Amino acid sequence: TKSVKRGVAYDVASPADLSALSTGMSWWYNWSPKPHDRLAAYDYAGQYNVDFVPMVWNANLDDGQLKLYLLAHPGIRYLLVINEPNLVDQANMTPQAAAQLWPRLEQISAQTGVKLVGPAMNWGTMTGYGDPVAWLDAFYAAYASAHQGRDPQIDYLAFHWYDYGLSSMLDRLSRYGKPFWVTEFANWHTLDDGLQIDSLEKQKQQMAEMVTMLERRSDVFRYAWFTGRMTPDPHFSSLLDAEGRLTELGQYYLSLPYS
């Protein structure tokens, strides 16, 4: 038994890594429409009690291939859409470009039953749209313009955050009246102010604070820690080390209480 909210943002490739994660982790995603090819002939849901959630990263979408996959995996009830549109190095989609895509996503929702989770917002780099509120206001106005004043279908907003104040950013984004998935988080504060996360204890402290807060929010359905492994790892953000082995952080993550 474990939290339905608790996930990882990582392209899990190894069944051994699922053995390690699955004691506390309910789900994962890999920024892509299908799991890693290594897992194709493994019943991961039945053996590890984990689910994979597909994602449409940007407008480069093979609608037919995704529909075919979702319809044959009716256990999949959610589709993550649009990875950080206001970041030029990520989805890099203007409000209009996202409005133009959206009916294709709504069609996939009607044809398969999946709820749309996204766009996945952060503080951005796109000219004029650093503030996710400015980007989302514009996306809502663009979509409503094209559809006789109807709002875009948003079942859940998604959010990524690598700093203090995650609860304050969710409060600010509540103005849309939508619940959230927080699909990337960790604390990567770096500036020399006393708050820099420059030790494992400090990442463990901030993981406990953030996880407790996300577990206790009724408007947060799922979250995903960033990430399984990375190198270099200056904030000690990795949950995994050797194939099939947790780090101290990973063991700690899986042990945390939940609602």
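The first residue of the sequence shown is number 1, and the count goes up from there.
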ask   = Where do the C-alpha atoms have the higher mean temperature factor in this entry, in 168-176 or in 137-145?
value = 168-176
request  = Using only the Cα atoms and their B-factors as the entry lists them, report which of 75-83 and 185-193 averages higher.
outcome  = 185-193
query = Reading the B-factor column of the entry, which of 53, 224, 68, 56 has the highest value at its C-alpha atom?
reply = 68
request  = For residue 9, return the chain-relative third of its C-alpha B-factor as stated in the PDB record: lowest, middle or highest.
outcome  = lowest
query = Among the chain's modelled residues, which third holds the C-alpha B-factor of residue 151?
reply = highest
message = Split into thirds by Cα B-factor across the chain's modelled residues, where does residue 212 land: lowest, middle or highest?
response = highest
task = Just say lowest, middle or highest third for the CA B-factor of residue 30 relative to the other modelled residues in its chain.
result = lowest
task = Would you mind ranking residue 163 by its C-alpha B-factor against the rest of the chain and naming the third, lowest, middle or highest?
result = middle
